[PDB]
Undergrad: 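Here's a structure for you.
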Amino acid sequence: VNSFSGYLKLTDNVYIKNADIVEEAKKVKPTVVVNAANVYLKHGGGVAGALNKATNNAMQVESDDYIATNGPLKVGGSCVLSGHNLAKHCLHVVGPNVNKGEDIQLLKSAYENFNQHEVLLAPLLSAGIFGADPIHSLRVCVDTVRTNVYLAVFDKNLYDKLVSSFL
Ligand SMILES: O=C(O)Cc1ccc(CNC(=O)c2ccnc3ccsc23)cc1
C-alpha cells in the first residue's frame, strides 16, 4: 500500500490521474518524481519549468552544477538529483523533442529509465511542449515500464481522451 489517491488503474503497474504533477508531488512527497528534462537540464517551461518554479529555482541551481561537472545528458537518458521540497529524488528523464526533430524511437529508451525505480510519480514523456502524441507516449509507457508508475496528466480534456482510447 502507498499514498497515491484517485488514480484510475490502467494495467498491473500503470495508474493515471488528471492532476498537476507539482501539487501531486507536494502532497504525496513521493520517493521519485520524474521531470520532463532536456539534455541541458534547462528547466524553462512545461513540466520542468513548473517543477523548478515550485523549488524556488533550487532545482535549476543544482542542475547547473550537474551539467558543469558532467556535461549534457543523452536524449533517452536520465540522471537522479534531489527532489527538493517535492520528493526525495527527482529523476530527470530526456524524452525526444519532436519540435527539435529527435527520433521518436528514443521514447522507449527514455521510459526504460523508470525501471530502475520501484515507484514513481511521472508525466507522460515527450508530451506537452515536447511535441509527441500523448496517446503514443502512454502506449510506450505501458509496454516498457514494469515498475509502478503513477501518471499525472495536467489537462482534464487530455486525461479523458487517454482513458477513453486506452486499449
Ligand atoms: O497534459 C499534459 O500533461 C501536457 C499537455 C499535453 C498536450 C496538450 C494539448 N492537448 C492535446 O494534445 C490533446 C487534447 C485532447 N485530445 C487529444 C488527442 C490527441 S492529442 C490531444 C496540453 C498539455
Side-chain angles (χ1 to χ4, degrees), residues 1-38 43 45-55 59 73 75-98 104-167:
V1 177
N2 64 50
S3 158
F4 290 104
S5 182
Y7 287 74
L8 175 72
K9 181 172 182 57
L10 294 175
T11 67
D12 180 62
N13 66 297
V14 178
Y15 294 81
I16 194 165
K17 185 184 179 176
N18 173 217
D20 179 350
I21 194 172
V22 171
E23 279 318 300
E24 190 76 6
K26 281 201 288 197
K27 145 181 135 43
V28 176
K29 289 291 237 84
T31 304
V32 180
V33 65
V34 174
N35 181 33
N38 58 53
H43 309 303
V47 168
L51 291 169
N52 176 59
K53 178 178 178 188
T55 75
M59 178 180 284
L73 295 182
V75 180
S78 70
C79 67
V80 180
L81 291 172
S82 180
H84 300 278
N85 54 316
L86 303 179
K88 186 175 200 295
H89 301 108
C90 180
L91 181 70
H92 294 272
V93 179
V94 184
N97 188 326
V98 177
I104 194 60
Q105 300 295 138
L106 289 170
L107 186 54
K108 188 171 183 77
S109 302
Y111 274 116
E112 288 171 341
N113 296 286
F114 289 24
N115 290 322
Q116 299 294 318
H117 303 276
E118 287 189 2
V119 183
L120 314 87
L121 172 61
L124 283 170
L125 298 180
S126 295
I129 67 174
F130 280 63
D133 176 6
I135 298 180
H136 175 66
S137 182
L138 179 56
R139 187 77 254 165
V140 178
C141 181
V142 159
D143 292 343
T144 305
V145 181
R146 298 176 301 283
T147 55
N148 293 143
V149 56
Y150 288 83
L151 297 173
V153 178
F154 180 57
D155 188 65
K156 173 57 161 156
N157 189 294
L158 174 59
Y159 169 85
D160 286 348
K161 182 197 191 113
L162 286 167
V163 169
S164 294
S165 61
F166 184 70
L167 226 197

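All residue numbers in this chain count up from 1 along the given sequence. Excluded from the calculations below are hydrogen atoms, water molecules and symmetry mates; all remaining heavy atoms, backbone and side chain alike, are included.
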Undergrad: Locate the shortest heavy-atom distance separating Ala87 from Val33; write the atom from each residue and the value.
TA: CB-CG1, 3.7 Å

Undergrad: Donor-acceptor pairs under 3.5 Å, side chain of residues 140-147 to any protein atom, not counting sequence neighbours: which ones?
TA:
| residue | atom | partner | partner atom | Å |
| --- | --- | --- | --- | --- |
| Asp143 | OD1 | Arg139 | NH2 | 3.0 |
| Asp143 | OD2 | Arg139 | NE | 3.2 |
| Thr144 | OG1 | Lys108 | NZ | 2.9 |
| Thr144 | OG1 | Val140 | O | 2.7 |
| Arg146 | NH1 | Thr144 | O | 3.4 |
| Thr147 | OG1 | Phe114 | O | 3.0 |
| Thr147 | OG1 | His117 | O | 3.0 |

Undergrad: Assess whether atom NZ of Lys88 is packed by more than 12 heavy atoms of other residues, nucleotides or ligands within 6.0 Å.
TA: no

Undergrad: Closest approach of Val94 and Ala110, non-hydrogen atoms and distance?
TA: O-CB, 3.7 Å

Undergrad: What residues, two or more places apart in sequence or in another chain, satisfy ring-ring contact (aromatic ring centres under 6.0 Å, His included) together with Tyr15?
TA: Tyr150

Undergrad: More than 12 foreign heavy atoms under 6.0 Å from NZ of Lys29: is that the case here?
TA: yes

Undergrad: Under the ring-ring contact (aromatic ring centres under 6.0 Å, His included) test, which residues partner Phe166, sequence neighbours left out?
TA: none

Undergrad: For residues 79-86, which side-chain N or O atoms pair as donor and acceptor with protein atoms under 3.5 Å away, sequence neighbours left out?
TA:
| residue | atom | partner | partner atom | Å |
| --- | --- | --- | --- | --- |
| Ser82 | OG | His84 | N | 2.9 |
| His84 | NE2 | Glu62 | OE1 | 2.8 |
| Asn85 | ND2 | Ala54 | O | 3.0 |

Undergrad: What's the separation between atom CG in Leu125 and atom CG in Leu106, rounded to the nearest 0.5 Å?
TA: 12.0 Å

Undergrad: Could you check whether any side-chain heavy atom of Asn148 comes within less than 4.5 Å of a side-chain heavy atom of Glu118, counting everything from C-beta outward?
TA: no

Undergrad: Restricting to non-hydrogen atoms, name the atom on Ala36 and the atom on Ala48 that form the minimum distance, rounded to 0.1 Å.
TA: O-CB, 3.6 Å

Undergrad: Roughly how far, to the nearest 0.5 Å, is CD1 of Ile104 from CG of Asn97?
TA: 9.5 Å

Undergrad: Is the backbone of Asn52 close enough, under 3.5 Å, to the side chain of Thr55 for a donor and an acceptor to pair up by distance?
TA: yes

Undergrad: In Å, rounded to the nearest 0.5 Å, how long is the span from CG of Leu91 to OG1 of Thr31?
TA: 12.5 Å

Undergrad: Quick one: which residue pairs count as a salt bridge (charged side-chain N to carboxylate O under 4.0 Å, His left out) with a foot in residues 3-20, not counting sequence neighbours?
TA: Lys17-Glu24

Undergrad: If you round to the nearest 0.5 Å, how far is CG of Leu124 from OH of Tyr159?
TA: 11.5 Å

Undergrad: Do you know the tightest heavy-atom contact between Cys90 and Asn35?
TA: SG-CB, 3.6 Å

Undergrad: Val119 versus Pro30: any side-chain heavy-atom pair under 4.5 Å?
TA: no

Undergrad: For atom CZ of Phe154, is the number of surrounding heavy atoms from other residues, nucleotides or ligands below 6.0 Å larger than 12?
TA: no

Undergrad: Between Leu138 and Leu151, does the side chain to side chain contact (heavy atoms under 4.5 Å, CB included) criterion hold? Intermediate values first, please.
TA: CA-CA 9 Å; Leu138 179 56; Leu151 297 173; 3.6 Å; yes

Undergrad: Checking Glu112 now: which residues fulfil salt bridge (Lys or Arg N to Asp or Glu O under 4.0 Å) with it, not counting sequence neighbours?
TA: none

Undergrad: For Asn113 and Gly76, indicate whether the former's side chain and the latter's backbone hold a donor-acceptor pair under 3.5 Å.
TA: yes

Undergrad: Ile129 and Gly46: which non-hydrogen atoms are nearest, and at how many Å?
TA: CD1-N, 3.7 Å

Undergrad: So, for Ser5 and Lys27, which heavy atoms are closest and what is the spacing to 0.1 Å?
TA: CB-NZ, 4.4 Å

Undergrad: Would you say that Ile16 contacts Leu162 through its side chain, given a criterion of any heavy-atom pair below 4.5 Å between the two side chains?
TA: yes

Undergrad: Going by heavy atoms in the side chains, are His43 and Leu51 under 4.5 Å from each other?
TA: no

Undergrad: Between CG of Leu107 and OG of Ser137, what distance do you get to the nearest 0.5 Å?
TA: 4.5 Å

